[PDB]
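>>> structural data only, the sequence is not supplied:
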C-alpha cells in the first residue's frame, strides 16, 4: 500500500517554486 | 531507486515514543 | 479512415494559450506571470495544466 | 558495509554550483545567466551539465 501511495507522488521537483519578483 | 529507499524504512510506528514520567 | 495525424505534447506557446484559455472563468490577479509557468513546464499535457489551475482555485 | 546512503539527482542550488565548478577552466562572458539554466533543467544529472558545457566550448 505504501508503494502504490508513492506511485501517486507528484513530480520529484518543483518545491520552492517562485515567480520572478520584478517591479 | 525510491522504492528501494522505502524498503529501508524503519518500522511504521514508534514516533512520539516516551518513557513514563514517574517521580 | 486514411489520414494518420500525430498530435504531440504542447510546446511553450501552446502551454501559454492553454493556461490562458483555462482561466477565463475565474478572476485572477494581474501580477501572475503565466509565461514563466509555461517556460518551467516541459513534459506536461493539457490535463496537468488544468489540474494545476483547479488546485489553485480550490 | 553498514550505512546505506542515498544520493538523489541535484536540485536547483546544486545545479548552480555544478555549472559554476565546471567552468573555472574556461573564460566565460559575464552576461551568461547560469541561474536561469539551473531553473530550466529538472531531471538533469551532473554528466548532462558537463556535456552541455563541453558542447559550448567545442
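Here it is on my side, so go on. Numbering: from 1, shown residues only, chains lettered A, B, ... in the order given.

>>> use CA for all of it now, contacts and neighbours both
Will do.

>>> wait, residue C:22 sits on residue C:53?
Yes. Under the criterion of Cα atoms under 8 Å, residue C:22 makes contact with residue C:53 at 7.5 Å.

>>> can you list the residues of chain C near chain D?
Within reach of chain D by Cα under 8 Å from any Cα of the partner chain, chain C has these residues: C:39, C:40.

>>> by proximity to chain D, which residue of chain C wins?
For chain C, the residue closest to chain D is residue C:40, as judged by Cα to the nearest Cα, at 6.2 Å.

>>> got the phi/psi numbers for that residue?
Backbone torsions for residue C:40, taken as degrees, to the nearest 10, come to phi -80, psi -30.

>>> now for it: which residues touch it?
For residue C:40, the contacting residues are D:39, D:40, by Cα atoms under 8 Å, 6 or more residues apart in numbering or on different chains.

>>> ok, now residue C:50?
Contact partners of residue C:50, counting by Cα under 8 Å, 6+ apart, are C:19, C:22.

>>> distance from the chain centre to the host helix or strand of it, please.
Assigned by DSSP states H and E, residue C:50 falls within helix C:46-57. How far helix C:46-57 lies from its chain's middle: 8 Å, per Cα atoms, centre = their mean, to the nearest Å.

>>> buried ones in it, by neighbour count?
By neighbour count on 16 or more other Cα atoms under 10 Å in any protein chain shown, the buried set for helix C:46-57 is C:49, C:50.

>>> thinking residue C:18 is in contact with residue C:46, fair?
Yes. Between residue C:18 and residue C:46 there is a contact under Cα under 8 Å: 7.1 Å.

>>> alright, I will stop here.
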